[PDB]
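See below for the structure under consideration.
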Amino acid sequence: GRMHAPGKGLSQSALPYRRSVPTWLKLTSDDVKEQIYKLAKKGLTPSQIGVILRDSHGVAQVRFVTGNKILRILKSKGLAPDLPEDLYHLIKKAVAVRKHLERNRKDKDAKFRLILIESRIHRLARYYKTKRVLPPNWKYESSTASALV
Amino acid sequence: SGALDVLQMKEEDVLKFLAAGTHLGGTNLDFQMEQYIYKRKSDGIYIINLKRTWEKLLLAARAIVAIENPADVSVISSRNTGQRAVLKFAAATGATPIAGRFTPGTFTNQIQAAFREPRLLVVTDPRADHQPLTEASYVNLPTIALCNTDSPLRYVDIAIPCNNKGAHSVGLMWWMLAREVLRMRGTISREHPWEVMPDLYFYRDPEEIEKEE
Amino acid sequence: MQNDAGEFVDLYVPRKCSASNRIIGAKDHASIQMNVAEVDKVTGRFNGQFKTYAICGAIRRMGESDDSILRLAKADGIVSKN
Amino acid sequence: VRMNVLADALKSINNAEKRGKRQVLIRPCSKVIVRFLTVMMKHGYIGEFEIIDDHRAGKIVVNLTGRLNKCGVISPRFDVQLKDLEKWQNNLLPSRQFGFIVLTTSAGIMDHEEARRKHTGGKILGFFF
Amino acid sequence: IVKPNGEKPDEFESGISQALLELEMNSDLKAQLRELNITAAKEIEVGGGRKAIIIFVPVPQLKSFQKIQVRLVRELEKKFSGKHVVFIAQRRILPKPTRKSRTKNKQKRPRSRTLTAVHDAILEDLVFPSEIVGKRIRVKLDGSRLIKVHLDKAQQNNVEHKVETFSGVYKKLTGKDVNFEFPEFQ
Amino acid sequence: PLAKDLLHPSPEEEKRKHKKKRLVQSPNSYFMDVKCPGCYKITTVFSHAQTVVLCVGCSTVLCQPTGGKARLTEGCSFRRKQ
RNA sequence: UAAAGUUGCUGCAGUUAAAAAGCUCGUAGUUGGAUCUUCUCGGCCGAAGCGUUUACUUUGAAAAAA
């Protein structure tokens with residue numbers, strides 16, 4: 001079930017058994033790589049890049065075409081985000097919740113949800129520290145939070 | 001039937017089944033009766049696969065014939081529709097009928113006056129005939145039932161999938177079972193039609209009785 | 001069953017359910033032993049042979065006795081392949 | 001969450017065997033699960049099984065001949081020396097004439113009789129009788 | 001063209017090389033085959049007296065063979081009569097490290113030179129035209145393993161006969177019994 | 001039902017089940033090629049598109065995102081791939 | 001001390017008999033999914049016996065008597 005929610009919804013992507021490139025798909029590996037590069041230049045995160053490629057360009061999954069993941073491709077080209085996208089999204093969600101809270105102080109439910117989001121951020125940051133994806137001194141604080149966005 | 005051509009379904013049996021609404025099940029389906037239905041109609045009625053019904057009928061006939069003493073087969077019907085059918089079945093084959101009320105303890109109370117110890121049990125409807133079905137759990141009594149789409153299959157060892165709400169279907173089912181039992185036993189005729197017509201087994205309500213008389 | 005000498009010492013070997021391969025207890029009164037009359041190939045009459053199926057009361061109590069007997073008969077060739 | 005997938009496999013097999021099912025679906029599969037099932041099969045307890053190969057983790061459909069009284073896991077996998085094997089046999093097995101204890105030893109995954117035959121202890125995985 | 005590991009070709013490898021060279025000299029596929037070369041070959045008995053050829057190919061050029069695979073096998077079957085030909089990349093299997101070993105490899109074994117990955121890849125490229133759409137490993141009462149590989153039903157019409165030549169080749173270079181079947185729901 | 005061949009199930013039943021609960025998980029989604037009356041280049045579209053994908057040669061959209069399958073627009077003909 | 005499976009690791013209990021924290025987060029703790037088949041050459045033809053680690057298992061040595 002969800003980490004901080006009582007729900008246990010079973011909803012996710014179901015990858016097909018076949019791992020090959022689709023018959024309809026005609027772009028070679030380099031074309032999809034340059035599409036990814038231009039989308040990253042637009043500023044889209046790898047989640048958005050994959051969504052746009054799947055919805056518009058007919059690629060089922062770029063990992064079956066170019067043989068590599070989107071974030072790996074961006075890191076190889078050197079235009080990857082400074083911090084991982086999911087941690088950044090959690091950071092900005094916590095920042096928005098704090099901004100809402102600092103006016104609505106009576107909002108105790110917002111305080112509870114902020115505690116939940118901060119716990120998720122702490123766990124994600126700890127994991128990314130064990131993987132050496134973040135500097136070991138990287139610390140999320142209530143003060144230097146909106147600057148990371 | 002055993003895929004035997006001599007035991008295969010004919011056109012006359014199909015026509016009789018369709019005439020009497022045998023294929024017309026109920027609007028509810030038992031999960032253990034699913035293997036015998038074929039589809040659901042637009043009006044929410046479960047069509048019964050007639051080949052499945054024929055196979056179950058022939059299996060039940062094989063079960064009945066294998067009993068050497070015909071009196072040891074007991075045919076029971078509490079609903080008014082099946083009483084004439086089971087009486088005619090017992091007359092034609094030799095089973096022991098119980099029409100109307102079934103006395104609890106008929107099989108378990110060895111002191112009672114009407115205490116009979118059958119070797120096979122055939123009932124018209126497991127829902128209406130739940131008492132002999134439950135009593136068959138105490139005396140090692142295998143049971144054949146004329147089950148519908150909704151009828152439960154507890155203690156029912158050979159369920160024949162057929163309409164049993166209507167009098168015509170019950171009568172025709174009992175008639176065909178008697179016909180097949182007499183055919184495998186060696187009497188009556190397999191190649192040419194049986195003497196008794198199916199309408200002898202049909203139950204007639206007093207309205208039909210007074211209209212025909 | 002057998003001891004070291006090899007002689008069978010048990011009182012009796014009990015019946016096993018044809019549907020579950022489980023032993024049928026000696027006080028299981030719901031269990032049945034159905035005989036299905038074997039029928040000659042070309043005439044369709046009861047030739048004196050039959051197939052025996054022992055079904056435990058646990059299977060009957062849950063309604064699967066009918067499906068089990070149908071499956072056994074189908075595997076024996078009594079029921080045509082539908 | 002799900003830990004000790006062998007426990008889940010054995011519990012599913014036990015529940016299906018009690019219910020009289022002829023086939024049981026096990027997911028996810030693993031090397032340990034397949035070795036345990038092969039140990040079971042060599043003794044005639046389960047019969048043939050098929051590994052459905054998904055591209056994430058296998059599933060296993062096991063035919064169930066009715067021969068299994070109980071299949072169970074031991075958790076944690078206690079270290080079992082050869083001298084300690086008899087106490088485990090007494091605790092877990094219903095008789096000394098049948099029933100097996102499965103051990104992961106350096107020679108593979110094997111019943112207690114084979115491990116005693118090869119003079120090797122190991123860690124106890126489970127049992128079946 | 002053939003450059004085996006020992007670099008010395010044999011008679012059948014030389015014959016395959018010369019057939020490919022003659023294809024280069026006069027055919028519609030000269031452009032592709034100029035930058036293309038194979039590494040080995042061998043003749044095995046898929047069943048009874050029947051025979052089949054295993055064109056071993058360098059891995060980087062294996063993809064280059066795939067796009068021209070159908071025509072290449074067409075010409076090779078035309079040359080060699082009723083003997084089937086299958087193109088397989090030459091993949092080396094790094095042994096699984098053990099407690100006893102030697103200081104000859106200071107780098108981790110890639111998860112593509114393992115026996116499992118290499119054998120899966122061999123099954124994949126054994127037949128380029130038809131793609132696996134599911135496989136199941138059946139374990140018999142004696143502990144043996146039988147793989148059953150499901151192929152595309154829409155591509156059944158051209159690889160029914162090549163079945164049992166896939167089985168022979170796989171039993172030769174992998175040592176595992178595999179059957180090939182065609183399901184309906186792809 | 002005490003005997004269910006889980007190895008080979010009915011295609012109808014596997015199409016009925018959840019995308020994950022099936023023997024081998026397969027998505028309920030598909031890719032189509034959409035043709036517009038005034039444009040001569042095919043454009044692949046995901047069935048469950050999350051974005052408003054536009055046609056470069058026409059002023060109309062190809063599909064609206066929804067909670068599930070995308071809402072294809074009339075005037076564009078779809079043909080599902082594979 | 002056993003009986004005491006009435007201290008429960010084996011092996012107890014926790015709806016109503018005694019009993020689950022009002023609820024959630026969370027560190028230490030505990031637990032953790034699939035996946036990897038001798039080399040300086042050498043004493044009647046002339047030696048590899050860890051030339052990447054623990055747990056575990058098996059062996060050997062060493063280990064007072066009573």
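Lettering of chains follows the sequences in order, A, B, ..., and the numbering in each one begins at 1.
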task = Could you give the distance separating G/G43 and G/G49 at their P atoms, to the nearest angstrom?
result = 15 Å
ask   = Is a side-chain N or O of E/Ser167 found less than 3.5 angstrom from the main chain of E/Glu164, in a donor-acceptor match?
value = no
query = What nucleic acid atoms does D/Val1 come within less than 4.0 Å of, heavy atoms only: base, sugar-phosphate, or nothing?
reply = nothing
task = Indicate whether OP1 or OP2 belonging to G/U31 is found under 4.0 Å from a side-chain N or O atom of D/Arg2.
result = no
ask   = Between G/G46 and G/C50, how far is it from one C1' atom to the other, in whole Å?
value = 25 Å
query = For A/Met3 and A/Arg120, which heavy atoms make the closest approach, and how far apart are they?
reply = CE-CG, 3.6 Å
message = With rounding to the closest Å, how many angstrom separate the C1' atoms on G/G14 and G/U7?
response = 16 Å
request  = Send over the distance from E/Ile93 CD1 to G/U37 P, rounded to a whole Å.
outcome  = 8 Å
inquiry  = Taking the six-membered rings only, are the centres of G/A19 and G/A20 under 5.5 Å apart with their planes within less than 30° of each other?
reply    = no
query = Under 4.0 angstrom, heavy atoms only, what part of the nucleic acid is A/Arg123 near: base, sugar-phosphate, or nothing?
reply = sugar-phosphate
inquiry  = Once you apply a heavy-atom cut-off of 4.0 Å, does D/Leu82 come out as touching a base, just sugar-phosphate, or nothing?
reply    = sugar-phosphate
query = What do the steps show when you test D/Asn4 against D/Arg77 for side chain to side chain contact (heavy atoms under 4.5 Å, CB included), and what is the final call?
reply = CA-CA 10 Å; D/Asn4 198 33; D/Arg77 282 157 196 199; 3.4 Å; yes
ask   = Is A/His4 touching bases, backbone alone, or none of the nucleic acid, heavy atoms closer than 4.0 Å?
value = sugar-phosphate
task = Write down the distance between CG (D/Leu125) and P (G/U57), rounded to a whole number of angstrom.
result = 14 Å
key: First encountered from the 5' end of RNA chain G, between E/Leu115 and D/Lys83   = E/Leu115
request  = Remember a base hit wins even if backbone is also touched, and classify A/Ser119 as base, sugar-phosphate or nothing at under 4.0 Å, heavy atoms.
outcome  = sugar-phosphate
inquiry  = With a 4.0 Å cutoff (strictly under), does any side-chain N or O of D/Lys123 reach OP1 or OP2 of G/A55?
reply    = no
key: Phosphate-side-chain proximity, D/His55 and G/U35, N/O vs OP1/OP2 below 4.0 Å   = no
inquiry  = Distance alone, cut at 3.5 Å: any donor-acceptor contact between the side chains of E/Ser144 and E/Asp142?
reply    = yes
task = Give a yes/no on whether any side-chain N or O of E/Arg109 is located under 4.0 angstrom from OP1 or OP2 of G/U37.
result = yes
request  = Could you check whether A/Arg126 gets within reach of a base, just the sugar-phosphate, or nothing at all, counting any heavy atom under 4.0 Å?
outcome  = sugar-phosphate
remark   = Quick note, E/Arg102 side chain, CB onward, closest among G/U58, G/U37, G/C39 is G/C39
message = Distance criterion of 3.5 Å, no angle test: do you see the side chain of E/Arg99 paired donor-to-acceptor with the base of G/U52?
response = no
request  = Return the 5'-most residue of the pair A/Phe112, D/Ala57 with respect to RNA chain G, ranking by each residue's nearest nucleotide.
outcome  = A/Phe112
task = Ignoring hydrogens and angles, answer whether the base of G/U37 and the side-chain atoms of E/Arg113 contain a donor-acceptor pair closer than 3.5 Å.
result = no
task = Provide the distance between the two P atoms, one in G/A48 and one in G/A55, to the nearest whole Å.
result = 30 Å
query = Going by atom types alone, do A/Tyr17 and D/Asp53 pair a side-chain donor with an acceptor below 3.5 Å?
reply = yes
key: Whole-Å P distance, G/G5 and G/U10   = 13 Å
inquiry  = Using atom P in both nucleotides, what's the gap between G/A20 and G/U15 to the nearest angstrom?
reply    = 10 Å
query = Which is true for D/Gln81 with a 4.0 Å heavy-atom rule: it touches a base, it touches only sugar-phosphate, or it touches nothing?
reply = sugar-phosphate
task = Could you tell me whether D/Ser106 contacts a base, only the sugar-phosphate backbone, or nothing, with contacts defined as non-hydrogen atoms closer than 4.0 Å?
result = nothing
ask   = On a whole-Å scale, what distance lies between the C1' atoms belonging to G/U6 and G/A13?
value = 12 Å
ask   = Is it true that D/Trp88 and D/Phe127 have ring centroids separated by less than 6.0 Å?
value = no
request  = Looking at every strand, decide which applies to E/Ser112 at a 4.0 Å heavy-atom threshold: base, sugar-phosphate, or nothing.
outcome  = nothing
request  = Remember a base hit wins even if backbone is also touched, and classify D/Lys31 as base, sugar-phosphate or nothing at under 4.0 Å, heavy atoms.
outcome  = sugar-phosphate
query = Without hydrogens or angle criteria, can the side chains of E/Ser130 and E/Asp152 be said to hold a donor-acceptor pair below 3.5 Å?
reply = no
request  = Please state the P separation for the pair G/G22 and G/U16 - nearest whole angstrom.
outcome  = 15 Å
Stacked pair G/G22/G/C23, ring centres under 5.5 Å, planes under 30° = yes
